[PDB]
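Taking it in order: structure first as structure tokens, then the write-up.
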Amino acid sequence: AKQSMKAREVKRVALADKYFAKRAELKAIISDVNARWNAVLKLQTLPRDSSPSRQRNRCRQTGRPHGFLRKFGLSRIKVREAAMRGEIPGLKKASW
Amino acid sequence: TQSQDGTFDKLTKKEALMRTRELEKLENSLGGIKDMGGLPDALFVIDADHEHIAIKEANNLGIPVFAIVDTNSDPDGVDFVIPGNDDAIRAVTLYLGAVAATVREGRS
Amino acid sequence: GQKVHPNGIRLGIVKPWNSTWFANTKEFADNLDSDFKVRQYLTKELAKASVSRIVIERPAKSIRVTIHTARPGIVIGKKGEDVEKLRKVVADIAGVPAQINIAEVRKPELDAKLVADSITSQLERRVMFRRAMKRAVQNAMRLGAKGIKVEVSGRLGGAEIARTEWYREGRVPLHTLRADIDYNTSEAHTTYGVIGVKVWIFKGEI
RNA sequence: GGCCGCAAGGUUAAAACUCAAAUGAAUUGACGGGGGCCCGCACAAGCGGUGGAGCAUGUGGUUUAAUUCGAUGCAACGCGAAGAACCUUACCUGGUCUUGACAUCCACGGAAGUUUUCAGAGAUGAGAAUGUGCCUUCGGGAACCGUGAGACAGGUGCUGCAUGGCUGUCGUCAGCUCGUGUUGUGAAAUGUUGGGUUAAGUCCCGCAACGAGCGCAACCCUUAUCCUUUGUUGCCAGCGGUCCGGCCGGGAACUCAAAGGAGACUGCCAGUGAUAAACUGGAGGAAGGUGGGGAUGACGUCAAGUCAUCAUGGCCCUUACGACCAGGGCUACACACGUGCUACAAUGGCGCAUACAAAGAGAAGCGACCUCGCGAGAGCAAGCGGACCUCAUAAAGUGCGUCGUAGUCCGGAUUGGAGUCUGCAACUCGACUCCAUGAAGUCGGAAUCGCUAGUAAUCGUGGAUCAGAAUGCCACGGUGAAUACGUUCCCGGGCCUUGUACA
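Protein sequences appear in the order of chains N, B and C.
FYI, in PDB author numbering the residues of the first sequence are 1 to 35, 40 to 100.
FYI, in PDB author numbering the residues of the second sequence are 118 to 225.
FYI, in PDB author numbering the residues of the third sequence are 1 to 206.
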């Protein structure tokens with residue numbers, strides 16, 4: 001899982017919306033087609053380390069990146085093993 | 118219990134298609150053994166050229182045998198031996214009915 | 001090698017869900033999130049307490065933690081040891097202001113984990129498997145349990161490239177779906193080698 | 001050494017030395033161009049690409065400061081990766097952070113936290129401000145902010161040839177062994193072998209066996225057709241108000257939409273065959289000779305898959321196969337090839353008008369009515385929170401000519417730049433798009449791979465990986481083929497019976 005990414009998990013997930021849930025509303029008119041200035045562009049990237057397009061949607065309970073799922077919040081082999089332990093409600097093998 | 122009760126209706130009839138095939142054949146070779154409760158207290162092979170496979174297993178465990186052997190036999194297994202006519206269907210009734218007039222009184 | 005998990009095919013069949021909550025889309029991943037941090041944690045105290053299953057439903061902002069056990073006299077503690085203490089966990093780290101429901105299923109040598117984890121408890125004891133398997137097969141053959149299938153994984157005795165085991169017995173019709181198999185693998189941490197165990201138990205046709 | 005002999009030779013017949021054996025029969029299996037049996041888009045009839053070239057991809061080869069890796073006899077290679085500006089990154093450095101990123105563990109203060117200058121590429125850092133809430137029986141603290149100090153946090157780091165779990169394949173193949181029974185001194189056979197018959201150890205007659213468990217079957221999802229269920233957000237047979245719109249009564253009706261029953265069993269008859277099952281025809285229906293597809297992979301051989309997902313016996317770098325930030329590449333091609341789509345035209349650049357689908361997608365939303373963009377796209381954004389609303393009702397099909405199988409009027413490239421969209425972030429490495437630009441290509445050699453009915457195909461339609469990257473991937477709609485003699489050979493087998501000094 002690259003176990004040191006579980007350090008860098010919260011470091012790249014938490015402050016993304018703890019900085020850009022409200023500060024994006026603070027500049028939501030200017031670069032949009034409503035009028040264009042560089043003070044908002046100076047406001048845009050005077051830091052760098054906040055990014056809401058850095059979250060790769062790592063898996064939940066063991067953290068494997070590839071094979072992640074939208075609805076389940078789990079990845080390739082963990083969707084399987086939770087469905088085999090019955091941890092997921094109402095989920096049989098698909099057949100029709 | 119499926120037969121002596123009415124509980125043979127279970128296991129719907131595509132299953133009950135094949136289930137009669139033991140019911141054809143289980144009661145074939147198990148005729149006089151359902152009423153049995155013990156080891157055969159005697160032994161009676163009627164002919165010693167067809168079921169000498171049986172006699173070879175019959176002499177193996179020491180039960181007396183009231184056989185009827187043939188003219189061309191390996192006779193030295195049945196130690197109570199009769200070289201009667203063990204062919205000719207008219208004659209095979211003439212020993213089995215001859216014994217059976219008394220064995221009701223045999224138990225006394 | 002070449003199998004399916006005998007629970008995973010049968011949850012859509014008469015074998016029921018051992019956890020069944022319901023929610024909707026956004027919280028659909030955060031609810032079984034909460035259900036995992038209790039299932040990794042209830043093992044950590046109820047290990048010697050003969051743990052069987054953990055059942056979770058969500059009626060209304062609450063979970064009915066329906067613990068199934070077989071040795072409940074050690075589960076309760078000093079008659080109040082584990083009433084609110086094991087509702088203290090679910091309130092924040094699961095986020096669920098819930099209740100607790102402990103309940104015993106009898107026959108403490110017949111459930112899947114129990115037949116599994118006893119042999120581990122006998123291999124953590126490190127008795128001979130050749131004396132352990134042959135009795136612990138027949139504990140199921142004692143109390144009913146119409147069929148058993150127990151494979152002990154390798155690194156057993158003295159070897160580094162080892163073999164598998166069987167004791168197939170009775171009837172184990174797992175390839176036919178209508179057979180409600182109480183299956184649960186366990187793992188025994190003897191020093192050299194991960195000696196695992198696979199336990200198939202057939203609890204009657206339905 | 002005689003001895004016989006013209007000799008060539010024969011007979012009679014040692015020892016030193018050297019090895020721990022040399023041998024016979026025998027039941028399993030091994031290999032062999034022993035041999036046979038039955039099936040299988042196996043090959044043959046049948047039908048298309050591929051290899052040539054427009055062209056996607058990785059494996060590549062060099063290129064690269066790095067182009068991280070796994071995989072690699074078929075089963076590595078547009079399915080690891082179901083996705084690369086950063087992150088991912090496992091790769092490289094510029095910047096650097098060393099009790100750390102983060103946790104166990106205590107100390108000692110600061111409540112945490114909140115605004116802002118400053119300087120940086122951002123970390124880091126000059127920091128000031130700011131507050132001092134809560135438990136508080138005010139000693140202490142919850143809990144982090146902060147270092148000092150330490151056990152030591154950390155390593156997508158090595159062999160699945162150490163093993164857990166998971167997994168490719170033989171293989172939907174029909175195979176695989178055991179309890180009792182006896183033949184035999186036993187190793188072992190008989191159970192499993194004959195008659196045939198089936199998709200089949202499927203089944204019956206003969207069985208030297210009786211018996212069972214694993215496996216093929218059926219249990220199950222599905223649709224091919226009913227009744228009952230009961231009218232929303234969806235329908236109008238019938239009846240009407242109709243401002244033809246179920247629009248409005250009404251009717252649960254046509255039909256659509258989900259709960260839950262039938263019926264199919266070679267059943268029936270005739271015939272085949274031993275009178276056996278199995279099967280050949282008939283009837284019926286929407287359905288007949290496991291209705292059909294899914295789903296489901298026995299003992300296992302395969303040092304094969306993932307030690308980089310966690311796990312992980314054993315090894316290891318610990319001011320570090322680490323950590324911590326800006327940033328670059330994994331997209332160079334100069335091209336071999338593994339698999340695809342567009343072409344090369346008895347209809348393509350065109351414009352036109354009828355016709356109608358299922359499958360489904362949605363509040364960090366779908367996004368209409370609108371207004372608007374030359375298109376790309378800007379603003380207006382109801383409604384639906386979802387058979388309401390949005391997404392989005394569309395295709396070959398027709399009514400019409402165009403235009404003549406010509407490298408263009410087929411084709412589509414190559415080189416350049418307008419107008420916005422996205423994302424801080426794309427020039428290197430984002431696509432869609434107005435206009436001119438008009439290549440290679442006239443069906444592709446040797447050959448290869450693939451497929452038996454809504455079938456190869458040939459055109460419509462969404463889903464995810466998703467800030468924005470679909471040719472594909474995963475699923476649904478329409479039109480509708482060519483046909484099957486066969487086991488010769490080949491592949492893939494296996495079973496039943498032959499010979500070897502090969503474990």
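No residue lacks a Cβ here, since even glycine has one placed at the ideal position from N, Cα and C.
With 7 Å set as the bound, which would you pick, yes or no: does the beta-carbon of residue i sit closer than that to a beta-carbon of chain C?
i        : result
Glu25(N) : no
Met5(N)  : no
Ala21(N) : no
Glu9(N)  : no
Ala87(N) : yes
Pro51(N) : no
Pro56(N) : no
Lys18(N) : no
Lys96(N) : yes
I want to see whether chain N comes within less than 7 Å of residue i, judged by CB atoms only; does it?
i         : result
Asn7(C)   : yes
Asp33(C)  : yes
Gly95(C)  : no
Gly12(C)  : yes
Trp200(C) : no
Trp17(C)  : yes
By the 10 Å Cβ neighbour count, where 16 or more other Cβ atoms means buried, how is residue i classified, buried or exposed?
i         : result
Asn61(N)  : exposed
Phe202(C) : buried
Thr176(C) : exposed
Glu91(N)  : buried
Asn184(C) : buried
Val38(C)  : buried
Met133(C) : buried
Sorry if obvious, but does the Cβ on residue i come closer than 6 Å to a heavy atom of the ligand ATP?
i         : result
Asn177(B) : Annotation note on the ligand ATP: not contained in the displayed structure, which lists no ligands.
Is residue i near residue j, with beta carbons less than 7 Å apart?
i              : j         : result
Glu151(C)      : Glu165(C) : yes
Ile172(B)      : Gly194(B) : yes
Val14(C)       : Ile148(C) : no
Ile199(B)      : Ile180(B) : no
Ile102(C)      : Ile67(C)  : yes
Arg68(N)       : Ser79(N)  : yes
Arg155(C)      : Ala162(C) : yes
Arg71(C)       : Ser50(C)  : yes
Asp187(B)      : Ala165(B) : yes
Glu57(C)       : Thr20(C)  : yes
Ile93(C)       : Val65(C)  : no
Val199(C)      : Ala112(C) : yes
residue 108(N) : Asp33(C)  : The shown model of chain N, from 1 to 100, leaves out residue 108(N), and the question about it has no answer.
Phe20(N)       : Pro56(N)  : yes
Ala136(C)      : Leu110(C) : no
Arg12(N)       : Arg58(N)  : yes
For a test of the three-state rule: what should DSSP assign to residue i, helix, strand or coil?
i         : result
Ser186(C) : strand
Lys198(C) : strand
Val216(B) : helix
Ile102(C) : strand
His169(B) : helix
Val14(C)  : coil
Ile119(C) : helix
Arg64(C)  : strand
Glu169(C) : strand
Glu85(N)  : helix
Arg53(C)  : strand
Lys146(C) : coil
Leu160(B) : strand
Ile181(C) : strand
Inset, instruction - Taking a Cβ distance cut-off of 7 Å, strictly less, list which residues of the segment 110–135 of chain C are near chain N, in chain order. - result: none
Inset, instruction - Mind checking the segment 19–31 of chain C against chain N and listing, in chain order, the residues whose C-beta falls within less than 8 Å of any C-beta there? - result: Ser19, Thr20, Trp21, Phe22, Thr25, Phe28, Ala29, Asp30
Inset, instruction - Output, in sequence order along the chain, the residues in the segment 58–81 of chain N whose CB is closer than 8 Å to any CB in chain C. - result: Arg64, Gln65, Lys75, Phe76, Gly77, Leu78
Inset, instruction - Taking a Cβ distance cut-off of 7 Å, strictly less, list which residues of the segment 170–182 of chain C are near chain N, in chain order. - result: none
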